[PDB]
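Listing of input30.txt; format and content: compact mmCIF, C-alpha atoms.
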# COMPACT_ATOMS: atom_id res chain seq x y z
CA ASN F 39 -4.51 39.94 -3.92
CA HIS F 40 -0.81 40.68 -4.33
CA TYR F 41 -0.64 41.32 -0.57
CA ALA F 42 1.70 38.69 0.88
CA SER F 43 0.90 36.53 -2.17
CA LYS F 44 2.59 38.22 -5.07
CA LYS F 45 4.92 39.61 -2.45
CA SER F 46 5.46 35.95 -1.62
CA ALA F 47 6.19 35.48 -5.30
CA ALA F 48 8.55 38.46 -5.11
CA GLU F 49 10.41 36.68 -2.31
CA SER F 50 9.94 33.26 -3.97
CA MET F 51 8.10 32.61 -0.65
CA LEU F 52 11.62 32.66 0.79
CA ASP F 53 14.87 33.80 -0.76
CA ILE F 54 17.55 31.29 -1.66
CA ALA F 55 19.58 30.22 1.36
CA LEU F 56 22.37 32.55 0.24
CA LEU F 57 20.16 35.51 1.08
CA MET F 58 19.46 34.01 4.51
CA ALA F 59 23.13 34.43 5.41
CA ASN F 60 23.09 37.74 3.55
CA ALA F 61 20.21 39.08 5.66
CA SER F 62 21.59 37.76 8.96
CA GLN F 63 24.94 39.46 8.37
CA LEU F 64 22.95 42.42 7.03
CA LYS F 65 21.19 42.95 10.35
CA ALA F 66 24.41 42.28 12.27
CA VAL F 67 26.09 45.14 10.39
CA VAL F 68 22.99 47.38 10.29
CA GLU F 69 23.65 47.54 14.01
CA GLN F 70 26.97 49.12 12.94
CA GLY F 71 29.99 47.86 11.03
CA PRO F 72 33.20 49.02 9.37
CA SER F 73 33.79 45.64 7.66
CA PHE F 74 35.49 46.18 4.31
CA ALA F 75 34.10 42.84 3.14
CA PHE F 76 30.55 43.55 4.33
CA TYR F 77 30.27 47.22 3.38
CA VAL F 78 28.16 46.78 0.24
CA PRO F 79 28.12 43.08 -0.78
CA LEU F 80 24.32 42.96 -0.57
CA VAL F 81 24.00 43.94 -4.23
CA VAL F 82 26.33 41.21 -5.48
CA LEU F 83 24.87 38.32 -3.48
CA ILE F 84 21.34 38.63 -4.87
CA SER F 85 22.75 39.31 -8.34
CA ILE F 86 24.62 36.01 -8.10
CA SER F 87 21.54 34.32 -6.65
CA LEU F 88 19.62 35.22 -9.82
CA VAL F 89 20.70 32.31 -12.03
CA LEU F 90 20.39 29.91 -9.11
CA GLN F 91 16.91 31.16 -8.21
CA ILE F 92 15.07 29.44 -11.07
CA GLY F 93 16.47 26.03 -10.24
CA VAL F 94 16.16 26.36 -6.47
CA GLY F 95 12.61 27.71 -6.54
CA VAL F 96 11.36 25.11 -8.99
CA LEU F 97 13.15 22.40 -7.02
CA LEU F 98 11.34 23.63 -3.91
CA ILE F 99 7.98 23.87 -5.68
CA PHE F 100 7.27 20.13 -5.72
CA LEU F 101 9.27 19.74 -2.51
CA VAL F 102 7.42 20.27 0.75
CA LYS F 103 7.13 23.83 2.02
CA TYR F 104 7.48 22.70 5.64
CA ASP F 105 10.71 20.65 5.36
CA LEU F 106 10.24 19.86 9.07
CA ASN F 107 8.63 16.49 8.33
CA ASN F 108 11.78 14.42 8.73
CA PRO F 109 15.57 14.62 8.73
CA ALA F 110 15.10 11.99 6.02
CA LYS F 111 13.99 14.92 3.86
CA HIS F 112 17.71 15.64 3.56
CA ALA F 113 17.80 12.98 0.83
CA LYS F 114 15.19 14.79 -1.24
CA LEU F 115 16.98 17.91 -0.07
CA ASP F 116 20.10 16.15 -1.35
CA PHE F 117 18.30 15.16 -4.54
CA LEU F 118 17.88 18.90 -5.01
CA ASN F 119 21.48 19.29 -3.83
CA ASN F 120 22.74 17.23 -6.77
CA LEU F 121 22.75 20.51 -8.69
CA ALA F 122 22.33 22.83 -5.71
CA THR F 123 25.94 21.98 -4.87
CA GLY F 124 26.82 22.65 -8.50
CA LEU F 125 25.41 26.08 -7.72
CA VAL F 126 27.41 26.18 -4.47
CA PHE F 127 30.35 25.89 -6.84
CA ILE F 128 29.30 29.21 -8.35
CA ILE F 129 28.63 30.62 -4.89
CA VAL F 130 32.13 29.94 -3.60
CA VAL F 131 33.62 31.04 -6.93
CA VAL F 132 31.82 34.34 -6.37
CA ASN F 133 33.36 34.45 -2.91
CA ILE F 134 36.80 33.98 -4.50
CA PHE F 135 36.14 36.74 -7.04
CA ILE F 136 34.90 39.10 -4.31
CA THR F 137 38.03 38.46 -2.24
CA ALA F 138 40.28 38.95 -5.27
CA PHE F 139 38.74 42.28 -6.33
CA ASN K 39 -19.54 52.77 -12.20
CA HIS K 40 -15.84 53.62 -12.24
CA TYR K 41 -16.06 54.21 -8.47
CA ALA K 42 -13.80 51.61 -6.83
CA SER K 43 -14.23 49.48 -9.97
CA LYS K 44 -12.31 51.27 -12.66
CA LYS K 45 -10.29 52.67 -9.81
CA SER K 46 -9.73 49.02 -8.97
CA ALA K 47 -8.63 48.63 -12.58
CA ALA K 48 -6.38 51.67 -12.11
CA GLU K 49 -4.76 49.90 -9.16
CA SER K 50 -4.96 46.49 -10.90
CA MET K 51 -7.11 45.74 -7.80
CA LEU K 52 -3.74 45.86 -6.01
CA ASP K 53 -0.40 47.11 -7.22
CA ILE K 54 2.43 44.70 -7.88
CA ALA K 55 4.19 43.63 -4.68
CA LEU K 56 7.00 46.05 -5.49
CA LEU K 57 4.64 48.94 -4.84
CA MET K 58 3.64 47.36 -1.52
CA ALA K 59 7.20 47.87 -0.24
CA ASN K 60 7.24 51.21 -2.06
CA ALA K 61 4.12 52.44 -0.22
CA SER K 62 5.21 51.09 3.17
CA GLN K 63 8.55 52.90 2.95
CA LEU K 64 6.62 55.83 1.45
CA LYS K 65 4.53 56.25 4.59
CA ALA K 66 7.56 55.64 6.81
CA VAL K 67 9.34 58.57 5.14
CA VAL K 68 6.20 60.73 4.77
CA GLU K 69 6.48 60.85 8.53
CA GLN K 70 9.84 62.53 7.82
CA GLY K 71 13.07 61.40 6.20
CA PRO K 72 16.40 62.67 4.88
CA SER K 73 17.25 59.33 3.20
CA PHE K 74 19.26 59.97 0.05
CA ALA K 75 18.08 56.61 -1.30
CA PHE K 76 14.42 57.21 -0.46
CA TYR K 77 14.13 60.88 -1.39
CA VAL K 78 12.35 60.43 -4.73
CA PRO K 79 12.52 56.75 -5.80
CA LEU K 80 8.72 56.52 -5.96
CA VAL K 81 8.74 57.55 -9.62
CA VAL K 82 11.26 54.90 -10.67
CA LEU K 83 9.69 51.95 -8.87
CA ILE K 84 6.31 52.18 -10.60
CA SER K 85 8.04 52.95 -13.90
CA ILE K 86 9.97 49.70 -13.52
CA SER K 87 6.81 47.91 -12.41
CA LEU K 88 5.19 48.81 -15.74
CA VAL K 89 6.56 45.97 -17.87
CA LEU K 90 6.03 43.51 -15.02
CA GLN K 91 2.45 44.65 -14.46
CA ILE K 92 0.95 42.93 -17.50
CA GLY K 93 2.36 39.54 -16.59
CA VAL K 94 1.67 39.81 -12.87
CA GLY K 95 -1.89 41.05 -13.27
CA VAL K 96 -2.82 38.46 -15.87
CA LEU K 97 -1.16 35.77 -13.77
CA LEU K 98 -3.30 36.90 -10.83
CA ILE K 99 -6.47 37.07 -12.93
CA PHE K 100 -7.07 33.33 -13.08
CA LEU K 101 -5.38 32.93 -9.70
CA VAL K 102 -7.57 33.36 -6.63
CA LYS K 103 -8.08 36.90 -5.36
CA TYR K 104 -8.05 35.71 -1.73
CA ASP K 105 -4.76 33.76 -1.71
CA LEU K 106 -5.57 32.89 1.93
CA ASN K 107 -7.00 29.50 0.99
CA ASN K 108 -3.85 27.50 1.67
CA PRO K 109 -0.08 27.81 2.04
CA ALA K 110 -0.21 25.21 -0.73
CA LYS K 111 -1.19 28.14 -2.95
CA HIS K 112 2.52 28.97 -2.87
CA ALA K 113 2.96 26.36 -5.61
CA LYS K 114 0.52 28.13 -7.91
CA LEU K 115 2.10 31.27 -6.53
CA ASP K 116 5.38 29.63 -7.51
CA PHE K 117 3.93 28.64 -10.88
CA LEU K 118 3.45 32.37 -11.34
CA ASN K 119 6.90 32.84 -9.81
CA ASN K 120 8.50 30.86 -12.63
CA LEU K 121 8.61 34.17 -14.50
CA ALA K 122 7.84 36.43 -11.55
CA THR K 123 11.37 35.67 -10.36
CA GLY K 124 12.58 36.42 -13.87
CA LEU K 125 11.00 39.79 -13.19
CA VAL K 126 12.67 39.90 -9.76
CA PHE K 127 15.84 39.73 -11.83
CA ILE K 128 14.84 43.04 -13.39
CA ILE K 129 13.79 44.38 -9.99
CA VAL K 130 17.17 43.77 -8.38
CA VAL K 131 18.95 44.97 -11.53
CA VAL K 132 17.01 48.21 -11.11
CA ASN K 133 18.20 48.31 -7.50
CA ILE K 134 21.79 47.95 -8.76
CA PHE K 135 21.30 50.74 -11.31
CA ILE K 136 19.73 53.02 -8.69
CA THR K 137 22.65 52.43 -6.32
CA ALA K 138 25.18 53.03 -9.11
CA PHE K 139 23.66 56.33 -10.27
CA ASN J 39 -34.41 64.69 -23.36
CA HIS J 40 -30.73 65.58 -23.05
CA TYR J 41 -31.37 66.41 -19.38
CA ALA J 42 -29.30 63.96 -17.32
CA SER J 43 -29.37 61.63 -20.33
CA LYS J 44 -27.17 63.24 -22.91
CA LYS J 45 -25.48 64.86 -19.95
CA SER J 46 -25.01 61.28 -18.81
CA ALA J 47 -23.51 60.66 -22.23
CA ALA J 48 -21.34 63.75 -21.73
CA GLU J 49 -20.05 62.20 -18.50
CA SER J 50 -20.05 58.67 -20.02
CA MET J 51 -22.52 58.11 -17.13
CA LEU J 52 -19.38 58.39 -14.99
CA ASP J 53 -15.93 59.60 -15.90
CA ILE J 54 -13.03 57.18 -16.08
CA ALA J 55 -11.64 56.35 -12.63
CA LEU J 56 -8.76 58.74 -13.29
CA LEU J 57 -11.20 61.64 -13.10
CA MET J 58 -12.55 60.28 -9.81
CA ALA J 59 -9.16 60.92 -8.19
CA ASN J 60 -8.93 64.12 -10.22
CA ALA J 61 -12.23 65.44 -8.83
CA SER J 62 -11.52 64.35 -5.25
CA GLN J 63 -8.19 66.17 -5.23
CA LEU J 64 -9.95 68.97 -7.13
CA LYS J 65 -12.38 69.58 -4.28
CA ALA J 66 -9.61 69.15 -1.70
CA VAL J 67 -7.67 71.99 -3.35
CA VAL J 68 -10.76 74.08 -4.22
CA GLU J 69 -10.89 74.46 -0.47
CA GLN J 70 -7.48 76.13 -0.92
CA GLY J 71 -4.09 74.92 -2.08
CA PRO J 72 -0.64 76.13 -3.11
CA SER J 73 0.40 72.70 -4.45
CA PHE J 74 2.75 73.14 -7.40
CA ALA J 75 1.75 69.69 -8.63
CA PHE J 76 -1.99 70.30 -8.25
CA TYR J 77 -2.19 73.90 -9.46
CA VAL J 78 -3.58 73.20 -12.93
CA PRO J 79 -3.28 69.46 -13.72
CA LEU J 80 -7.04 69.17 -14.29
CA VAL J 81 -6.61 69.95 -17.99
CA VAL J 82 -3.98 67.27 -18.56
CA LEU J 83 -5.73 64.43 -16.75
CA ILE J 84 -8.90 64.50 -18.85
CA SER J 85 -6.82 65.07 -21.99
CA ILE J 86 -4.93 61.87 -21.18
CA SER J 87 -8.19 60.12 -20.30
CA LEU J 88 -9.42 60.78 -23.84
CA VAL J 89 -7.81 57.81 -25.60
CA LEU J 90 -8.65 55.55 -22.68
CA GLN J 91 -12.27 56.68 -22.59
CA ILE J 92 -13.42 54.74 -25.66
CA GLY J 93 -12.11 51.44 -24.36
CA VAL J 94 -13.22 51.95 -20.77
CA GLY J 95 -16.71 53.13 -21.65
CA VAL J 96 -17.34 50.35 -24.15
CA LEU J 97 -15.91 47.83 -21.70
CA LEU J 98 -18.37 49.13 -19.10
CA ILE J 99 -21.29 49.13 -21.54
CA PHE J 100 -21.85 45.37 -21.50
CA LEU J 101 -20.55 45.23 -17.93
CA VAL J 102 -23.07 45.84 -15.16
CA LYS J 103 -23.73 49.45 -14.20
CA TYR J 104 -24.10 48.52 -10.53
CA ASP J 105 -20.83 46.60 -10.00
CA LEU J 106 -22.04 45.98 -6.43
CA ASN J 107 -23.34 42.52 -7.28
CA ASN J 108 -20.28 40.60 -6.12
CA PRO J 109 -16.58 40.98 -5.35
CA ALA J 110 -16.38 38.20 -7.94
CA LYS J 111 -17.12 40.96 -10.45
CA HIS J 112 -13.44 41.83 -10.01
CA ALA J 113 -12.69 39.05 -12.50
CA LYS J 114 -14.87 40.63 -15.17
CA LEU J 115 -13.47 43.88 -13.85
CA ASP J 116 -10.09 42.20 -14.34
CA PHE J 117 -11.15 40.97 -17.77
CA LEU J 118 -11.58 44.66 -18.54
CA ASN J 119 -8.33 45.27 -16.67
CA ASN J 120 -6.42 43.12 -19.15
CA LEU J 121 -6.11 46.30 -21.22
CA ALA J 122 -7.22 48.74 -18.54
CA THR J 123 -3.84 48.10 -16.92
CA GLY J 124 -2.25 48.62 -20.31
CA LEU J 125 -3.90 52.02 -20.05
CA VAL J 126 -2.63 52.38 -16.47
CA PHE J 127 0.75 52.10 -18.16
CA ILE J 128 -0.07 55.29 -20.04
CA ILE J 129 -1.50 56.84 -16.88
CA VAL J 130 1.67 56.39 -14.87
CA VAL J 131 3.79 57.38 -17.87
CA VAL J 132 1.80 60.62 -17.89
CA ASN J 133 2.58 60.98 -14.20
CA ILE J 134 6.29 60.58 -15.01
CA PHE J 135 6.08 63.18 -17.79
CA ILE J 136 4.22 65.62 -15.53
CA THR J 137 6.86 65.22 -12.81
CA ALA J 138 9.69 65.66 -15.34
CA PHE J 139 8.29 68.86 -16.89

Full structure transcribed into C-alpha cells:
Amino acid sequence: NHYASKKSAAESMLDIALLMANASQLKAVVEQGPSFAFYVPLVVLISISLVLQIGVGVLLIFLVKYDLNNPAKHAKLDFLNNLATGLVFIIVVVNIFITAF
Amino acid sequence: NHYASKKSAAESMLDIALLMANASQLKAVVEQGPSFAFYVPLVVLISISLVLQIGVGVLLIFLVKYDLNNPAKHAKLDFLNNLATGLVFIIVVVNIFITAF
Amino acid sequence: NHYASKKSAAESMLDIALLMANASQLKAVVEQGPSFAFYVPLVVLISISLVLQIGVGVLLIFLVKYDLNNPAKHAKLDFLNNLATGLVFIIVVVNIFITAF
C-alpha cells in the first residue's frame, strides 16, 4: 500500500537535511513572521534540493536508516560527505544568489 | 466482480501518495475553508499524478502490498524512490507552477 | 435462455467499476438532488466506459468471478491493473473534461 510507504518514497523516507532546516524555520514563521528573507523561500529550497536528492538518497540507501549506532558513523557519514559537501557548495551558492536577488 | 476489485483497479488499490495528502487536506477543507491555494487544486493534483501513476503502480506491483514487514523495506522503497524522487521533482515543479499562476 | 444470461452478457455480468460508483451516486441522487455535477452525468460515464469495457471484461474472463479467494488476488488484480490504471488515466481525464465544460 502507498500509505506511509509510497508516501515514504515521496518524502525519500526523510527529506534532505536542507528541508529539515526549511521545515523548522517554516513552523517558526507559520507562527507569524514578517521576515523578508523567509517570506517565500520554501519553493526555492526544495527546488535546489532536487539535484542533490538523488545522490543523498542513494547514499543513504546502503547506509543505515538508524544512524544512532555510533558517532563513528560520522566517517561513513563523511564518506557520503565527500560529495555531500560538494553539494553544500551548491547550497551556500544558492544562499548567496538568494541574498543577491 | 468489479465490486471492490475493479474499483480497486480504479484506485490502483491505493492512489499515489500525492493523493493521500490531497485527500487529507480535502477533508480538512470539506469541513470548511476559504484557502485560496486549496479552493480547487484537487483537479490538478490527480492530473499531475497521471504520468507518475504508471511507474508508481507497477513499482508497487512486485513490491509487497503490506509494506509493514520491516523498516528495511525503505531500501526497496528507496529502490522505487530512485525514480520516485525523479517524479517528486515533477511534483514540486507543479507546486511552483501552481504558486506562480 | 437470455433471462439473466444474455442479460448477464448485457451487464458484462457486472458493469465496470466506474458504473458501480455511477449507480451508487445514482441512487443517492434518485432520492433527490440539485447537484449541478450529478444532474445528468450518467450518459457520459457509460459512454466513457465503452472503450474500457472490452479490456476489463476480457481481463476478468480468465480471472476468477469470485475475487474473494484472497487479498493476494490483488496482484492478479494488479496484473489487470497494469492497463486498468492506464484506463484510469482516461477516467480522470474525463473527470477533468467534465469539470471544464

What does the distance between CA of residue 130 (chain F) and CA of residue 88 (chain F) come to in Å, to one decimal place?
-> 14.9 Å

Determine which residues of chain K sit within 9 Å of chain J, taking into account only C-alpha atoms, and present them as a PyMOL selection string.
-> chain K and resi 39-51+81-82+84-85+88-89+91-92+95-96+99-100+103

Contacts of residue 74 (chain J) at 12 Å or less, counting only C-alpha atoms, minus same-chain residues fewer than 6 places along, as a ChimeraX atom specification?
-> /J:67,136-137,139

Do you have the CA of residue 63 (chain J)-CA of residue 86 (chain J) distance handy?
->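 Separation of CA of residue 63 (chain J) and CA of residue 86 (chain J): 16.8 Å.
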
Figure out the distance between CA of residue 87 (chain K) and CA of residue 61 (chain K), please, to one decimal in Å.
->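 For CA of residue 61 (chain K) relative to CA of residue 87 (chain K), the distance reads 13.3 Å.
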